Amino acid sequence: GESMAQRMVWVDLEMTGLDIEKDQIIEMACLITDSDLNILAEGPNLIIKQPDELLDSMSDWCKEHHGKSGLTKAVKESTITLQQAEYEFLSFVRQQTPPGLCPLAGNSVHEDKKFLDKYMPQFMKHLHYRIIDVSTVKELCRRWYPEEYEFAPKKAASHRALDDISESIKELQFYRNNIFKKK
């Protein structure tokens, strides 16, 4: 029971931008780890259809980055609606975590939570309200462990959801192994 309740729901999203009032989710991936960051199950890794007009009006940063990664083209070709994507992720976490008990995890994953609370509220209902923000640990590492901070793994920062989740886990594992108290 406690082991199940101590799992983590790792999620990373791509969005058309950071404006919660207009922007939409275009990519989502999800991994489950145990409390010790071992990957237990790989969830859906989905590209969500959104309208051409929204993609055409994205910021220059988003056009450049989602364009070169292939994501923009894949969004235009997608047949996955937001609602169907949500169901895939909700079904996955229902198979993997007890209801209400496990947190979202990722780098600045509160931004993903802001989008998910609005656009996948039933998925979020399965999760705790707390988060495991790897960037909180990053910012504490930078302050309290500046020497160790220089050794954190370099990120490819490809802005593709599943690859970025994996790098987030690796960053948190680095902090656990290097700035937390030794047993």
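One-based numbering along the sequence shown.
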Quick one: across the other PDB entries of this protein we compared, is residue 157 left without coordinates in at least a third of them?
-> yes
163-171 set against 10-18, stretch whose average Cα temperature factor tops the other in the entry = 163-171
Stretch with higher mean Cα temperature factor, 131-139 vs 55-63, is 55-63
Among 124, 47, 30, 39 - the residue whose C-alpha B-factor is largest in the record = 39
According to the PDB entry, is the CA B factor of residue 149 in the bottom, middle or top third of its chain, that is, lowest, middle or highest?
-> middle
Taking the entry's C-alpha B-factors for this chain, is residue 111 in the lowest, middle or highest third?
-> lowest
